[PDB]
Amino acid sequence: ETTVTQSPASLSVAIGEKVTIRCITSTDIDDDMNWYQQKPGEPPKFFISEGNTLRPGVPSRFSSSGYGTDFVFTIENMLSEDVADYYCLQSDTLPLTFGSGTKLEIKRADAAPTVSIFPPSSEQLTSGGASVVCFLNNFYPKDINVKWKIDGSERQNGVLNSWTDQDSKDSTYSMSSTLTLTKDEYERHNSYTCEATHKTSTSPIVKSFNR
Amino acid sequence: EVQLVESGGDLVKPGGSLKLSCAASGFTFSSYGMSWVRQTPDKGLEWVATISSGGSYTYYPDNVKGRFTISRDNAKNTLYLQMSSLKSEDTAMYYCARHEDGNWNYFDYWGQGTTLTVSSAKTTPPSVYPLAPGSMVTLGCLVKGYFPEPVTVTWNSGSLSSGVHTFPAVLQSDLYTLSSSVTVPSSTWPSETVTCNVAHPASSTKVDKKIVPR
Ligand SMILES: [Ba+2]
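As they're listed, the protein sequences go chains A and B.
Here the first sequence is numbered in the entry's author numbering, starting from 1 and rising by one per residue.
Numbered by the entry's author numbering, the letters in the second sequence go through residues 1 to 82, 82A to 82D, 83 to 100, 100A to 100C, 101 to 127, 134 to 213 in order.
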């Protein structure tokens, strides 16, 4: 099976800048390499067919270069409207095969998160449970470390963390750190704090509440 | 204008069987080879099967061959995919797609997608809990303990669109849980009523939870 290898895996670049995605085949393919664009929640959109042939409707800033085994997809200038995942596909031999995909990120200006904390809801306590949630909104870069300290003490179990994809408007990320724990173990404690470590700032940003 | 609308995805027990179907239109169906390509988050896009415009020729990648049977009814302009002896690694979103060729080539047209979750876990509605406070205030909703995916989430029935962040769900065993947050001006709350609406189509569970100040 002609094996294709695509890289980089994920690439961060600033608006206007150039983007060069590269795909290499396990054998010669001449130019039976096709490129695809896929925005979040949508299906893949055809962008370039064999022979580095830019499919109709596709902006000219897109271009496919390559023949034989080295192929290249580029963007003379990154626009907010190109944040997608790209896949290359060799259509020269069976089975058809796609690349690992490249994921584009809009490198923007650093920004600190706006941490928000919430103590469990009445009805949740009822069912005999407690979930402390912590919302860290509109930050960048995506790397960040959230920690849960109950009464100054550490804790790493029952922590569910989720990140949103990069916001299509302000290019920021937001993540949800939500600690779970028995209504019993919640009751017999007081200090509940959500501590976030991020590049944006030095000292950890700390939000908390008691009782 | 070409259109491929597949339907059939579902929660199937491991080892079960399922039958997806694709409804083509906007083009002369029996003049193109058709295909199913599936996509998983960790393995990306992966070709699953193809069938010539005359249905005489089929092509399957080893990993699926013997299990999946792609067919087509040129009369109804429909493309099928009968799946048997399903496995967990079969869980994924399946796309219906067209080749600009009569046998096989690249993929020019894609469908909308249909998801197939191969699991043992039982369906089960969510427990929605409001996240009230305790500048501009920020409220949240916490959907928890449901399966399978997906679960739709809106604020004030979609009327509240700005400031909404719905974080991806995560598996905690065989039960997903997700949350959404909304920020509204300090004045519009609690003077105004902010509601959260959760819908778990799988278990025909709809829910409107109002966010009242604790
Ligand atoms: Ba070819």
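The C-beta atom is built at its ideal place from N, Cα and C for all residues, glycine as well.
Next item on the list: List the endpoints of the continuous beta strand (DSSP E) containing A/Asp82.
Entry: On the first sequence, residue 82 of chain A is found 82 positions in, with the first residue counted as 1. If you look at A/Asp82, you'll find it isn't in any beta strand (DSSP E); DSSP assigns it neither H nor E.
Check: When the Cβ atoms of the segment 141 to 155 of chain B are set against those of the segment 177 to 186 of chain B, are three or more pairs found closer than 8 Å?
Finding: Contact holds: three or more Cβ-Cβ distances are below 8 Å.
Note to self: Considering just the uninterrupted stretch of the alpha helix (DSSP H) at A/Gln124, what are its terminal residues?
What the structure shows: Numbered from its first residue, the first sequence carries residue 124 of chain A at position 124. A/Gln124 -> alpha helix (DSSP H) spans 122 to 126.
Check: Since A/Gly101 meets chain B, which of its residues come closer than 8 Å, beta carbon to beta carbon?
Finding: Position 101 of the first sequence, counted from the start, is the residue given in the question as residue 101 of chain A. Contact note: A/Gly101 reaches chain B through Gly44, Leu45, using a C-beta cutoff of 8 Å and chain order.
Note to self: Rounded to whole angstroms, what is the Cα-Cα separation between B/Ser31 and B/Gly55?
What the structure shows: In the second sequence, the residue the question calls residue 31 of chain B occupies position 31. In the second sequence, the residue the question calls residue 55 of chain B occupies position 55. Each residue's CA atom was taken as its position, placing B/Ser31 and B/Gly55 some 11 Å apart.
Margin query: Can you confirm whether A/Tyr186, when its beta carbon is compared against all beta carbons of chain B, has any partner nearer than 7 Å?
Written below: Walking along the first sequence from the start, residue 186 of chain A turns up at place 186. Not closer than 7 Å to any Cβ of chain B, the Cβ of A/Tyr186 fails to qualify, so no.
Check: So B/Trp103 packs on B/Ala114, CB below 8 Å; how close in whole Å?
Finding: Within the second sequence, residue 103 of chain B is the residue found at index 110, counting from 1. Within the second sequence, residue 114 of chain B is the residue found at index 121, counting from 1. B/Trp103 to B/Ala114, Cβ: 29 Å. No contact.
Notebook entry, point to check: Is any heavy atom of ligand 1 found at a distance shorter than 6 Å from the C-beta of A/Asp32?
Noted result: For the purposes of this step, residue 32 of chain A is taken as the residue at position 32 of the first sequence. At a cut-off of 6 Å, the beta-carbon of A/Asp32 counts as near ligand 1: some heavy atom of the ligand is closer than that.
Margin query: Could you check if B/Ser82B belongs to the surroundings of ligand 1, using beta carbon to heavy atom distance under 6 Å?
Written below: Here the question's residue 82B of chain B lines up with position 84 in the second sequence. The answer is no for B/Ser82B.
Next item on the list: Examine the Cβ distances between the segment 99 to 110 of chain A and the segment 60 to 69 of chain A and report whether three or more of them are shorter than 8 Å.
Entry: No, they do not touch.
Next item on the list: Please confirm whether A/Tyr173 and A/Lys142 have their CB atoms less than 7 Å apart.
Entry: Reading the first sequence from its first residue, position 173 is the one you call residue 173 of chain A. Reading the first sequence from its first residue, position 142 is the one you call residue 142 of chain A. In this structure, A/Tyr173 lies near A/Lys142, with their beta-carbon atoms less than 7 Å apart.
Next item on the list: Inspect the CB distances between the segment 171 to 189 of chain A and the segment 183 to 202 of chain B and report whether three or more fall short of 8 Å.
Entry: No, they do not touch.
Margin query: Let me confirm a value: B/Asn100A is counted as buried when at least 16 other C-beta atoms fall within 10 Å, else exposed. Which label applies?
Written below: As a first step, residue 100A of chain B is located in the second sequence; it is residue number 105 there, counting from the start. The residue in question, B/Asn100A, is buried, as its Cβ has 16 or more Cβ neighbours within 10 Å.
Next item on the list: List the residues of chain B whose Cβ lies closer than 7 Å to the Cβ of A/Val133, in chain order.
Entry: Counting from 1 along the first sequence, the entry for residue 133 of chain A is found at position 133. Per Cβ cutoff of 7 Å: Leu124, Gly139, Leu141, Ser178.
Notebook entry, point to check: For the segment 161 to 172 of chain A, which residues have a beta carbon sitting closer than 9 Å to at least one beta carbon of chain B?
Noted result: Residues passing the 9 Å Cβ filter: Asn161, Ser162, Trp163, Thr164, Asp165, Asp167.
Notebook entry, point to check: So which residues on chain A does B/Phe166 lean against when the C-beta distance must stay under 8 Å?
Noted result: Here residue 166 of chain B corresponds to residue number 167 of the second sequence, with the count starting at 1. Listed along chain A are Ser162, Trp163, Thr164, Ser174, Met175, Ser176, each with a C-beta nearer than 8 Å to that of B/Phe166.
Next item on the list: Can you grab the Cα-Cα spacing for the pair B/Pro119 / B/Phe146, in whole Å?
Entry: Looking up residue 119 of chain B in the second sequence gives position 126. Looking up residue 146 of chain B in the second sequence gives position 147. If I take the Cα positions, the gap works out to 8 Å.
Notebook entry, point to check: Would you call the segment 2 to 17 of chain B and the segment 141 to 158 of chain A in contact, with 3 or more CB pairs under 8 Å?
Noted result: Cβ pair count under 8 Å is below three, so no.
Next item on the list: Reducing DSSP to helix, strand and coil, say where B/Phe29 ends up.
Entry: Position 29 of the second sequence, counted from the start, is the residue given in the question as residue 29 of chain B. B/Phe29 carries a helical assignment under DSSP once its states are collapsed to helix, strand and coil.
Margin query: Assuming B/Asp73 is part of the beta strand (DSSP E), what are its boundary residues?
Written below: The residue given as residue 73 of chain B occupies position 73 in the second sequence. For B/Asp73, the enclosing beta strand (DSSP E) starts and ends at 68 to 73.
Checklist line | Burial state of A/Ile24, where buried means 16 or more other Cβ atoms lie within 10 Å | finding: In the first sequence, counting from the first residue as 1, residue 24 of chain A sits at position 24. The residue is buried, with at least 16 neighbouring Cβ atoms inside 10 Å.
Note to self: Extract the residue ranges of the beta strand (DSSP E) inside the segment 43 to 73 of chain A, only unbroken runs of 3 or more that lie entirely within it.
What the structure shows: Listed in chain order, they are 45 to 49, 62 to 67.
Notebook entry, point to check: Among B/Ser25, B/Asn63, B/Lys143, B/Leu174, which residue has its Cα nearest to the Cα of B/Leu79?
Noted result: As a first step, residue 79 of chain B is located in the second sequence; it is residue number 79 there, counting from the start. For the set B/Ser25, B/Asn63, B/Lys143, B/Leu174, the Cα lying nearest the Cα of B/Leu79 is the one of B/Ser25.
Next item on the list: Using 6 Å as the cut-off, classify the Cβ of A/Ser64 as near or not near the heavy atoms of ligand 1, replying yes or no.
Entry: Residue numbering aside, residue 64 of chain A sits at position 64 when the first sequence is read from its first letter. Result no, Cβ not under 6 Å from ligand 1.
Note to self: With DSSP as the reference, identify every bridge partner of B/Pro123, one or two as the case may be.
What the structure shows: Stepping through the second sequence from its first residue, residue 123 of chain B is reached at position 130. As DSSP reads the structure, B/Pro123 sits in a beta bridge with B/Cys140.
Margin query: Taking the alpha carbon of A/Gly51 as the reference point, which residue from A/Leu79, A/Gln90, A/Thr27, A/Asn190 has its own alpha carbon closest?
Written below: Taking the first sequence and counting its residues from 1, one reaches residue 51 of chain A at position 51. For A/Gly51, the closest of A/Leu79, A/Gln90, A/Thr27, A/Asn190 by C-alpha to C-alpha distance is A/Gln90.
Checklist line | heavy atom of ligand 1 below 6 Å from A/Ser49 C-beta | finding: The residue given as residue 49 of chain A occupies position 49 in the first sequence. No, ligand 1 has no heavy atom inside 6 Å of this Cβ.
Margin query: I'd like to confirm the pairing. Which residues does DSSP put opposite B/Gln39 in its beta bridges?
Written below: Taking the second sequence and counting its residues from 1, one reaches residue 39 of chain B at position 39. Within the DSSP bridge table, the entry for B/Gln39 names B/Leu45, B/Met89 as partners.
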